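Chemist: generate a structure from the sequence data that follows.
(2 chains, ligands or ions: 3)
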Amino acid sequence: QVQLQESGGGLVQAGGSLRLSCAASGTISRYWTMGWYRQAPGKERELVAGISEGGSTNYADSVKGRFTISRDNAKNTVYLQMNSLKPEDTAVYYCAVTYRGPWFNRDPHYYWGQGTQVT
Amino acid sequence: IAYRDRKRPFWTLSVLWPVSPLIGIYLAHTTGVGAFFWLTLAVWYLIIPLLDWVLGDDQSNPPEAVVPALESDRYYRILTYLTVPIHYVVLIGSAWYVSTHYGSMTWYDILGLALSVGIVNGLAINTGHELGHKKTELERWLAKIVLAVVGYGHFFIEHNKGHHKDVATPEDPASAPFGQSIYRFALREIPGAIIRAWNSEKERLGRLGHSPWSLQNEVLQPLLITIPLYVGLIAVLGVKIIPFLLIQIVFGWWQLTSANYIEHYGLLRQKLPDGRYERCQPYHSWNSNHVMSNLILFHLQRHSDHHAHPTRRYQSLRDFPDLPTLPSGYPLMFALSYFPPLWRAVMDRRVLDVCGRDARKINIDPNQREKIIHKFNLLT
Ligand SMILES: CCCCCCCCCCCC
Ligand SMILES: [Fe+3]
Ligand SMILES: [Fe+3]
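Modeler: Numbering: from 1, shown residues only, chains lettered A, B, ... in the order given. Ligands and ions are numbered 1, 2, ... in the order given. Sure, structure below:
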């Protein structure tokens, strides 16, 4: 059915890199944008990454330049190879995905999951 | 594990509703009967409560980690910007009706059209309150423009600073004590906001040399729109529409004051030992979750979570079934405010039960304290 499995957690040195990925499945649709959302301690979930069918980044301005998010694999696959680790950003990450219908319809179907607590 | 919406297509009925007096007029002139001006007053009191009960509760509460997702679809905010303009049309067009046809109308119909446009002014304020608690510039100036059409442009400073600092507190003029009529309350309330806002911006600017009567004042900034509006509209249509422009305004202010009444009615925040007051909490605000009434007033019946996080658009506001609960949606509770004794037949007992039966947590009307404690056996 519809769920969002992932991989990529651990503890590394501050000044290193790491790669996130979560591969969903069971898609009968083809319009959406799959994105990351991080939860800093004491912080409401802010947006980290998410890319639209065509491909257009919207990060949060604080991660601009270190994090990159790409696809190019079997369907329901997305990557985020993170780098340049700081101890100021250390959080839990949901991998989030969305959906879409004819503009007239535009019934947004949201789906969520979490894991890979960074450092 | 998904948040498929439920009300998604049906938020454009909010573009519709602000035009109910106008098509009320059209219909009442084409069909040739008379009651059809009194149509908003029936929609709001008699078909939306019935329909409320006919649909049921809501089955949509957003979970926690979808808030950063539901605050990125712009549809939910374009549907408020579009509402700002329609409101001027309703006002101007209605007035031009009464004056273009004074000589075929009775006086019933005048009072009726005035009341209808008054209720729709309630919706202007509920589109100004939703576009003030924002952190952008566009939203703030739009808030002032929309509020100007009823003369309540200082709601900005008042609501934000004051209400959000001292809700549920003896010295907030909007927190209603337990044992007080909406009439004596409206007395103590309407001058409260005005006096307070004036002092507030005065003392802000005073730290500087830019004298009290300045430009940047936000209490005398939308009067630059309400003054021309009325001087023009009136001296153009002739002095004939003065008996109808006052009725609309007073009923607007009544709308706002009834809300504040039933929102935080009777509820009080505890005092920290020998210090100041305690920060707001979830169980100091009444809320409901019926469907169509929420669809009209962008979810405002969910007040506790509003105070829980002011900055959050009306699509992430959660719901809670164990915090205090009203008996019904907002229209019937309005219809019960105006008649105080039954109000006391019902919400007295509810307030005693949910707050805790004791006089250190409830806020008793500081004009009759000894009666209010002596009867309704309480503790001190
Ligand atoms: C169409 C009905 C309009 C009702 C207006 C209610 C205004 C509530 C203001 C709340 C301020 C706290
Ligand atoms: Fe409030
Ligand atoms: Fe508020």
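Chemist: residue numbers of chain A in contact with chain B?
Modeler: Within chain A, the residues that sit near chain B (Cβ under 8 Å from any Cβ of the partner chain) are A:2-3, A:37, A:39, A:44-47, A:94, A:96, A:98, A:106-114. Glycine gets a C-beta too; all of them are placed from N, C-alpha and C.
Chemist: go again using 7 Å as the cut-off
Modeler: For chain A, the contact set with chain B under Cβ under 7 Å from any Cβ of the partner chain comprises A:37, A:44-47, A:94, A:96, A:107-112.
Chemist: any idea which helix or strand comes after the strand or helix carrying residue B:184?
Modeler: Per DSSP states H and E, residue B:184 falls inside helix B:182-206. Moving toward the C-terminus from helix B:182-206, the next helix or strand (DSSP H and E) is helix B:223-237.
Chemist: quick one: list the elements packing against the very next helix or strand once past that following helix.
Modeler: Counting by DSSP H and E, the element after helix B:223-237 in chain order, helix or strand, is helix B:242-263. With contacts taken as 3 or more Cβ pairs under 7 Å, 6 or more residues apart in numbering or on different chains; DSSP states H and E, helix B:242-263 sits against helix B:83-100, helix B:107-128, helix B:182-206, helix B:223-237, helix B:330-337.
Chemist: run the angle between helix B:242-263 and helix B:330-337 for me.
Modeler: Helix B:242-263 and helix B:330-337 meet at an angle of 100 degrees, taking axes from the mean of the first three to the mean of the last three Cα atoms, to 10 degrees as the criterion.
Chemist: quick revisit: what packs against the helix holding residue B:184?
Modeler: helix B:155-157, helix B:242-263.
Chemist: to ligand 1, which of those helices lies closest?
Modeler: Counting by Cβ to the nearest ligand atom, ligand 1 lies closest to helix B:242-263 out of the helices and strands packed on helix B:182-206; the figure is 3.8 Å.
Chemist: how about that closest one: buried residues?
Modeler: Buried residues in helix B:242-263, counting neighbours by 16 or more other Cβ atoms under 10 Å in any protein chain shown, are found at B:244-245, B:247-249, B:251-263.
Chemist: can I get the following helix or strand past that helix as CSV, trimmed to CA atoms?
Modeler: Tracing the chain C-terminally past helix B:242-263 and defining elements by DSSP H and E, one meets helix B:291-296 next. Coordinates of the C-alpha atoms in helix B:291-296 are reproduced here as CSV (Å, rounded to 0.1, in the frame of the first residue of the first chain):
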residue,chain,number,x,y,z
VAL,B,291,-19.2,22.2,10.2
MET,B,292,-21.0,24.9,8.3
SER,B,293,-20.6,27.5,10.9
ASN,B,294,-16.9,27.0,10.7
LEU,B,295,-17.0,27.2,7.0
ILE,B,296,-18.6,30.7,7.3
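Chemist: which elements pack onto helix B:291-296?
Modeler: helix B:48-55.
Chemist: change it to 10 Å
Modeler: Packed against helix B:291-296 by the contact rule (3 or more Cβ pairs under 10 Å, 6 or more residues apart in numbering or on different chains; DSSP states H and E) you find helix B:13-16, helix B:48-55, helix B:107-128, helix B:330-337.
Chemist: adding distance to ligand 1 and mean neighbour count, write these out as JSON lines.
Modeler: Formatted as JSON lines, these follow (distance: least, Cβ to the nearest ligand atom, whole Å; neighbours: other Cβ atoms under 10 Å in any protein chain shown):
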{"stretch": "helix B:13-16", "distance to ligand 1": "10", "mean neighbour count": "14"}
{"stretch": "helix B:48-55", "distance to ligand 1": "9", "mean neighbour count": "16"}
{"stretch": "helix B:107-128", "distance to ligand 1": "3", "mean neighbour count": "22"}
{"stretch": "helix B:330-337", "distance to ligand 1": "7", "mean neighbour count": "20"}
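Chemist: of those helices, which approaches chain A most closely?
Modeler: For chain A, the closest of those is helix B:13-16, at 16.1 Å, according to Cβ to the nearest Cβ.
Chemist: list the contacts for residue B:377?
Modeler: Contacts of residue B:377 were listed using Cβ atoms under 10 Å, 6 or more residues apart in numbering or on different chains, and they are residue B:357.
Chemist: how near is it to ligand 1?
Modeler: 33 Å (Cβ to the nearest ligand atom, to the nearest Å).
Chemist: the most centrally placed residue in chain B - nearest residue in space that isn't next to it in sequence?
Modeler: In chain B, the centroid-proximal residue (Cα atoms, centre = their mean) is residue B:256; its distance is 4.2 Å. Of all residues not flanking residue B:256 in the chain, residue B:125 sits nearest, at 5.4 Å (Cβ to Cβ, 6 or more residues apart in numbering or on different chains).
Chemist: same check on residue B:119?
Modeler: residue B:40 (5.2 Å).
Chemist: contacts only, for the residue lying farthest from the centre of chain A.
Modeler: No residue in chain A sits farther from the centre than residue A:104, which is 27.3 Å out by Cα atoms, centre = their mean. Going by Cβ under 10 Å, 6+ apart, residue A:104 touches residue B:9.
Chemist: so the residue nearest to residue B:256 touches residue B:254, yeah?
Modeler: No. Using Cβ atoms under 10 Å as the test, residue B:125 is too far from residue B:254 to be in contact (11.2 Å).
Chemist: burial count for residue 43?
Modeler: You didn't pick a chain, so chain A it is. Residue A:43 has 9 neighbours, counted by other Cβ atoms under 10 Å in any protein chain shown.
Chemist: actually, chain B is the one I wanted.
Modeler: 18.
Chemist: for it, give me its contacts.
Modeler: B:17, B:20, B:24, B:51, B:116, B:119, B:296, B:331.
Chemist: how about the last one: what's its closest non-neighbour residue?
Modeler: Same thing as residue B:331. residue B:49 (5.1 Å).
Chemist: now do residue A:114
Modeler: residue A:94 (4.4 Å).
Chemist: what secondary structure does the one you found sit in?
Modeler: Look at residue A:94: counting by DSSP: H, G, I helix; E, B strand; the rest coil, its state is strand.
Chemist: get me the contact residues on chain B for ligand 1.
Modeler: B:119, B:122, B:123, B:125, B:126, B:129, B:255, B:256, B:259, B:260, B:296, B:297 (Cβ under 6 Å from any ligand atom).
Chemist: show the contacting residues for the residue nearest the centre of chain A.
Modeler: Closest to where the C-alpha atoms of chain A average out (Cα atoms, centre = their mean) is residue A:36, at 2.4 Å. Counting by Cβ under 10 Å, 6+ apart, residue A:36 touches A:20, A:22, A:47-50, A:59, A:63, A:67, A:69, A:78, A:80, A:82, A:93-96, A:116.
Chemist: repeat the analysis, applying 6 Å as the threshold.
Modeler: A:48, A:49, A:80, A:93, A:95 (Cβ atoms under 6 Å, 6 or more residues apart in numbering or on different chains).
Chemist: of those - the most surrounded one?
Modeler: Neighbour tally across the contacts of residue A:36 (other Cβ under 10 Å): the maximum, 28 neighbours, falls on residue A:95.
Chemist: in space, what's closest to it - neighbours in sequence excluded?
Modeler: residue A:22 (3.7 Å).
Chemist: beta-bridge partners for that neighbour, please?
Modeler: Residue A:22 has these beta-bridge partners by DSSP bridges: residue A:6.
Chemist: thought it was touching residue A:3?
Modeler: No. The pair residue A:22 / residue A:3 is not scored as a contact, 9.8 Å apart, by Cβ atoms under 6 Å.
Chemist: quick revisit: turn the helices and strands packed on helix B:291-296 into a markdown table, including distance to residue B:145.
Modeler: Putting these into a markdown table (distance: least, Cβ to Cβ, whole Å) gives the following:
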| stretch | distance to residue B:145 |
| --- | --- |
| helix B:13-16 | 18 |
| helix B:48-55 | 28 |
| helix B:107-128 | 9 |
| helix B:330-337 | 26 |
